[PDB]
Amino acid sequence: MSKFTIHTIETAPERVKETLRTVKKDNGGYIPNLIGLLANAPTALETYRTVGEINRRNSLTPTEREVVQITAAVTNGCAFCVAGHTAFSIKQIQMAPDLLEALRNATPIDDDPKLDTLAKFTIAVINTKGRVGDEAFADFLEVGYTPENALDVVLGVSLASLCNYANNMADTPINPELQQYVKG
């Protein structure tokens, strides 16, 4: 049936057991199946953790980083990550429900032109593989983003590809603790 084993602490390769233990604690007692999946390839698990940590340090706000991640997961057609990021945006960030709804639905953010442009720029980045074009780039800057922010969106898109494509490949089952955030 499954292409991949979703690893537990018990079955994961020794050198990632300590990381899965950390993940489980940090998540209040469960391992999101994305991590259990990436445990199959410790360099892929390592990349996902490490880039996550670099990305937090980037030129975007934590809300803007979630704008990038949710929009990418929706554009990439990845249910697991739409659910995972929704849960993070609610519990970690307490994102306004209207912002969250818009991002999940890939529809306009009416309250905040800045974030709405960022969302739309992320879609264009993904579909064009970065060749967004003169007009899309100029609209990105007009609302106050910079060339640095542009490359930090690419960074988020790059991170989104690792987890969205991996979950797309595995058809990763959605943990019971994420099931309520599933799109829909």
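Note that residue numbering begins at 1 and tracks the sequence as displayed.
- Task: Identify the stretch, either 11-19 or 160-168, whose C-alpha atoms have the larger mean B-factor according to the entry.
- Result: Comparing 11-19 with 160-168, the higher mean C-alpha B-factor belongs to 11-19.
- Item | Between 143-151 and 24-32 (mean CA B-factor, as deposited), the higher | Taking the mean C-alpha B-factor of 143-151 and of 24-32, the larger value falls to 24-32.
- Message: Looking at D134, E64, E53, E46, which one carries the largest C-alpha B-factor according to the PDB entry?
- Response: So the option with the highest C-alpha B-factor is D134.
- Task: Relative to the other modelled residues of the same chain, rank the CA B-factor of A96 and answer lowest, middle or highest third.
- Result: Highest third - that is where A96 ends up once the chain's C-alpha B-factors are sorted.
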